[PDB]
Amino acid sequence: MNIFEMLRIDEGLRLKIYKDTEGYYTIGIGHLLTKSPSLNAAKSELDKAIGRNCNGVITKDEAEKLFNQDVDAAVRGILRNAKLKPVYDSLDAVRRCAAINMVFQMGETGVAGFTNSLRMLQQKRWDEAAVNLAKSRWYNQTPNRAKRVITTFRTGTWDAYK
């Protein structure tokens, strides 16, 4: 198991525009296109992302290209973030994957919330961090996925994905 296999489990693969768990137009392996309710706006974003006229449909190769870019972008965002980088650097490789997973799903908009979770993770207080992480809109709205990610932070193993 690695971050690509982990996020492929959590996000799936769909080759036509679909709505994500929040109702937002998405394609591929969890590639968010737009939060606008306009399907036309989403199709424009898709064409811009692929560099061709797609009318809402892509191939698996193209979905995987966006996926590689999106994982890369999540990592690079963690490393540029003054609050996230020290915690990320403090973690082992498996727990780093859990961190990338959360930033893939939610961007960096939830860093100020999760301040306390971040401190517990840096302190390696794993059971306490797991309790705090679950006290969240994230957990309530996507509980099965959050439970998998939280188990990964708690244990440093892939048990929740096997």
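Each residue number is its position in the shown sequence, starting from 1.
- Does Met120 go missing in at least one third of the other entries compared here? No; none of the other entries leave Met120 out.
- Query: Do at least a third of the other entries of this protein fail to model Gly110?
  - Reply: In at least a third of the other entries, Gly110 has no coordinates.
- Would you mind comparing 103 to 111 and 28 to 36 for me and telling me which has the higher average C-alpha temperature factor in the entry? Taking the mean C-alpha B-factor of 103 to 111 and of 28 to 36, the larger value falls to 103 to 111.
- Averaging only over Cα atoms, indicate whether 88 to 96 or 75 to 83 has the higher B-factor in the PDB entry. Mean C-alpha B-factor is greater for 75 to 83.
- Query: Which of these, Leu66, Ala130, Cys54, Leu118, has its C-alpha atom at the highest B-factor, as the entry lists it?
  - Reply: Of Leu66, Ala130, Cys54, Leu118, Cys54 has the highest C-alpha B-factor.
- Message: Quick check for you: using the entry's CA B-factors within this chain, is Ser136 in the lowest, middle or highest third?
- Response: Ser136: CA B-factor falls in the lowest third of its chain.
- Query: Split the chain's modelled residues into thirds by Cα B-factor; is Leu7 in the lowest, middle or highest one?
  - Reply: Lowest third, going by the recorded CA B-factors of the chain.
- Ranked against its chain, the third holding the CA B-factor of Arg154: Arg154: CA B-factor falls in the middle third of its chain.
- Item | For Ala41, the third of its chain into which the C-alpha B factor falls | Ranked within chain, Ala41 CA B lands in the highest tercile.
- Message: Lowest, middle or highest third: which one holds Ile50 when the chain's residues are ordered by CA B-factor from the entry?
- Response: Its C-alpha B-factor, which the entry lists for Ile50, ranks in the middle third among residues of this chain.
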